[PDB]
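All remarks here apply to the structure that follows.
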Amino acid sequence: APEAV
Amino acid sequence: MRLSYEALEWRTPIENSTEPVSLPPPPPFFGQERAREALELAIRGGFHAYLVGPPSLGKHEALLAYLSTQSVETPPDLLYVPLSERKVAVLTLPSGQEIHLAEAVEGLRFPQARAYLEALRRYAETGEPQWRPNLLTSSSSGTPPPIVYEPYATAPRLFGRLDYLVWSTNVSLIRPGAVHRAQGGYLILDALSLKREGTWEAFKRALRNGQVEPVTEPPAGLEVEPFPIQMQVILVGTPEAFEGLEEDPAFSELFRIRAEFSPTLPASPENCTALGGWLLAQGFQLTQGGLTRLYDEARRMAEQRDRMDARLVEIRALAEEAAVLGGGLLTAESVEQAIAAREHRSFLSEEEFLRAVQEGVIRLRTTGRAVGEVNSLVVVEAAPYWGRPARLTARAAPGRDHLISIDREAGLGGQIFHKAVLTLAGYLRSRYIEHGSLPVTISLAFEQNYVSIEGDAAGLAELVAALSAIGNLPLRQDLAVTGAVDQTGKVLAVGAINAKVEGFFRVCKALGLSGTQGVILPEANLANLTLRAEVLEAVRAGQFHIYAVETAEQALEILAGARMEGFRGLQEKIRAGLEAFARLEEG
């Protein structure tokens with residue numbers, strides 16, 4: 001999965 | 001500023017945990033004043049309305065309960081009468097009066113039913129060998145009013161159907177639809193169903209022109225006259241479900257009253273108390289400690305100390321799992337263990353991650369010091385949104401004022417990520433001007449990042465890493481960093497602050513707690529910190545530490561273990577690195 005900072 | 005355990009504690013003290021709760025049920029729409037007042041206006045005016053709010057709020061249940069208490073004049077008899085052998089009209093008589101006009105007919109005083117009879121006049125005139133009225137509905141009181149919720153908005157369910165008696169049909173094979181059952185009352189539909197079923201346009205025609213046509217099959221049909229629709233329609237959906245609809249100017253014309261739910265309520269004793277009576281009314285056996293934990297989990301779900309999640313259905317669902325773990329009883333323990341077991345059921349990914357870190361397959365530091373490196377914090381974008389540390393490096397070399405985001409250049413970073421890098425560049429160029437443009441090229445990398453990354457919440461970690469690389473300043477690796485930065489070097493709020501803090505604690509714990517570990521975060525996020533028990537206890541034990549800052553330099557001070565001024569402070573070291581870089585670049 002993509003990540004948020 | 002250091003945040004003490006006392007500053008961080010947010011949970012409600014429990015007195016007499018196992019005592020049974022006894023409270024009356026709150027009214028429909030408690031804490032949702034805006035939406036209730038909108039709906040009262042729609043009821044008072046006869047306007048159509050739409051109920052808008054995120055999923056799992058209980059919008060449908062609140063609406064059915066509120067409508068259940070209303071009163072209207074008893075709805076008329078409703079029927080199809082023929083005007084011909086290929087034509088029908090929809091007719092209301094005053095209530096009950098259908099059965100009399102039917103029996104009079106069943107032979108071979110009704111001013112409303114004029115055209116039906118007139119036209120009911122030549123079997124005798126030609127031996128000419130399908131004619132009696134068709135009652136769609138009737139009822140004995142408009143209290144409660146008719147309330148028809150049709151979740152599946154297909155043409156036949158909305159408008160009714162023609163059956164075919166072999167092929168023939170007539171007035172008496174026409175079945176009613178939701179629109180017919182809702183006359184003198186309320187029809188409730190979901191916005192999403194209207195879109196997906198392709199029925200929005202036919203539904204408009206029903207409300208704008210009274211065209212309500214039973215569904216047929218592609219032999220020979222009856223013509224159905226328009227009729228004056230008497231109903232109030234209430235659509236239900238999310239903000240997003242409505243945006244398709246709101247680009248049609250007809251939507252606004254037909255649906256004038258917005259009834260919008262807040263996703264959160266004030267965290268107040270009154271709302272706790274209301275939650276309790278609501279849970280009791282749903283059939284739960286609730287203890288004080290059980291109510292308290294559910295209320296506090298609602299605050300944590302909202303990520304706000306002073307608000308609570310308003311999603312009654314999500315709260316009920318957690319309660320249902322708690323009730324099983326408490327053997328039918330909803331206790332403090334049962335809720336804490338329902339929450340823990342949710343995390344366990346979704347933990348495989350973090351267990352793999354932590355194992356990879358322990359094995360050195362993912363290289364992370366949680367102790368010691370290093371130049372130009374820092375743990376920032378990220379959130380994995382799949383439910384339930386676990387936070388993790390991410391190692392970030394910055395390297396400085398003599399060059400021509402370039403700040404290079406390697407993740408962004410490689411296509412992994414998104415627009416807001418890119419924006420944060422540009423913003424830091426703007427801070428740094430304008431902050432250190434003595435050499436003209438900056439005599440450094442600085443490259444930033446999220447070291448073991450293989451996925452796309454987005455957001456501005458690594459800005460603080462990037463800026464401190466950069467300053468550290470410029471000044472050759474060893475930074476503590478036992479403190480992770482999260483925060484956005486503006487062009488002036490102030491630190492701004494970030495999202496998912498609980499998951500981020502807890503994610504670094506989880507890695508520190510898996511690698512063995514050193515007693516000096518922690519997180520530097522924005523002061524602006526103080527009101528979002530609703531940390532889980534385990535982190536709170538570690539902070540109370542002096543085993544974990546939270547720092548809140550307002551500026552990037554404050555963060556650097558903590559990480560490098562010195563002040564910017566009192567020179568021998570960091571600022572002169574930074575200026576000295578820049579002078580060294582400028583000599584290598586120039587002379």
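Please note that chains go A, B, ... in the order of the structure tokens, that every chain numbers its residues from 1, and that ligands are numbered from 1 in the order shown.
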Considering only C-alpha atoms, tabulate each residue of chain B that lies at most 8 Å from chain A along with its nearest interatomic pair and the corresponding distance in Å to one decimal; arrange the rows by chain and ascending residue number and present them as a tab-separated table.
residue	atom	partner	partner_atom	distance
B:377	CA	A:5	CA	6.5
B:378	CA	A:5	CA	4.5
B:379	CA	A:4	CA	5.1
B:380	CA	A:3	CA	4.6
B:381	CA	A:3	CA	5.4
B:382	CA	A:1	CA	6.5
B:451	CA	A:2	CA	5.4
B:452	CA	A:2	CA	5.0
B:453	CA	A:3	CA	4.8
B:454	CA	A:4	CA	5.0
B:455	CA	A:5	CA	5.0
B:456	CA	A:5	CA	6.4
B:457	CA	A:5	CA	4.9
B:458	CA	A:5	CA	6.0
(request) For residue 302 of chain B, work out the shell of residues within 9 Å, counting only C-alpha atoms and skipping chain neighbours fewer than 4 positions away, then give it as a ChimeraX atom specification. (result) /B:263-264,297-298,307-310,528
(request) Once DSSP has gone over the backbone, tell me which residues of segment 19-160 of chain B are in helix (DSSP H, G or I), as a ChimeraX atom specification. (result) /B:33-45,59-68,98-106,111-118,155-159
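Note that atom CA of residue 187 of chain B and atom CA of residue 200 of chain B are 14.5 Å apart.
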(message) Which residues are close to residue 76 of chain B, i.e. within 8 Å by only C-alpha atoms, leaving aside same-chain residues fewer than 3 positions away? Reply as a list in words.
(response)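 Final neighbour list, sorted by chain and number: residues 92, 93, 94, 95, 96, 138, 139 and 184 of chain B.
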Selected residues, N, CA, C and O atoms, written as an mmCIF file, in the first residue's frame, please.
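Result written to out24.cif:
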data_model
loop_
_atom_site.group_PDB
_atom_site.id
_atom_site.type_symbol
_atom_site.label_atom_id
_atom_site.label_comp_id
_atom_site.auth_asym_id
_atom_site.auth_seq_id
_atom_site.Cartn_x
_atom_site.Cartn_y
_atom_site.Cartn_z
ATOM 1 N N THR B 92 -57.868 9.567 -5.879
ATOM 2 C CA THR B 92 -58.133 9.475 -4.434
ATOM 3 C C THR B 92 -59.603 9.766 -4.108
ATOM 4 O O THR B 92 -60.162 10.782 -4.552
ATOM 5 N N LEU B 93 -60.226 8.863 -3.349
ATOM 6 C CA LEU B 93 -61.436 9.196 -2.591
ATOM 7 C C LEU B 93 -61.037 9.404 -1.139
ATOM 8 O O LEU B 93 -60.048 8.819 -0.689
ATOM 9 N N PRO B 94 -61.805 10.230 -0.400
ATOM 10 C CA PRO B 94 -61.776 10.188 1.061
ATOM 11 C C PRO B 94 -61.805 8.758 1.618
ATOM 12 O O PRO B 94 -62.512 7.902 1.088
ATOM 13 N N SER B 95 -61.030 8.542 2.682
ATOM 14 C CA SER B 95 -60.664 7.210 3.196
ATOM 15 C C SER B 95 -61.851 6.283 3.505
ATOM 16 O O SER B 95 -62.856 6.729 4.045
ATOM 17 N N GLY B 96 -61.717 4.996 3.171
ATOM 18 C CA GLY B 96 -62.805 4.005 3.329
ATOM 19 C C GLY B 96 -63.829 3.940 2.189
ATOM 20 O O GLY B 96 -64.282 2.854 1.803
ATOM 21 N N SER B 138 -55.080 1.614 1.224
ATOM 22 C CA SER B 138 -55.909 2.379 2.158
ATOM 23 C C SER B 138 -55.386 2.224 3.589
ATOM 24 O O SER B 138 -54.538 1.364 3.855
ATOM 25 N N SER B 139 -55.880 3.061 4.502
ATOM 26 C CA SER B 139 -55.487 2.972 5.919
ATOM 27 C C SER B 139 -56.429 3.737 6.873
ATOM 28 O O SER B 139 -57.256 4.543 6.440
ATOM 29 N N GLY B 184 -49.508 10.700 0.692
ATOM 30 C CA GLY B 184 -49.922 11.266 1.964
ATOM 31 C C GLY B 184 -48.874 11.097 3.058
ATOM 32 O O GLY B 184 -49.149 11.370 4.238
#
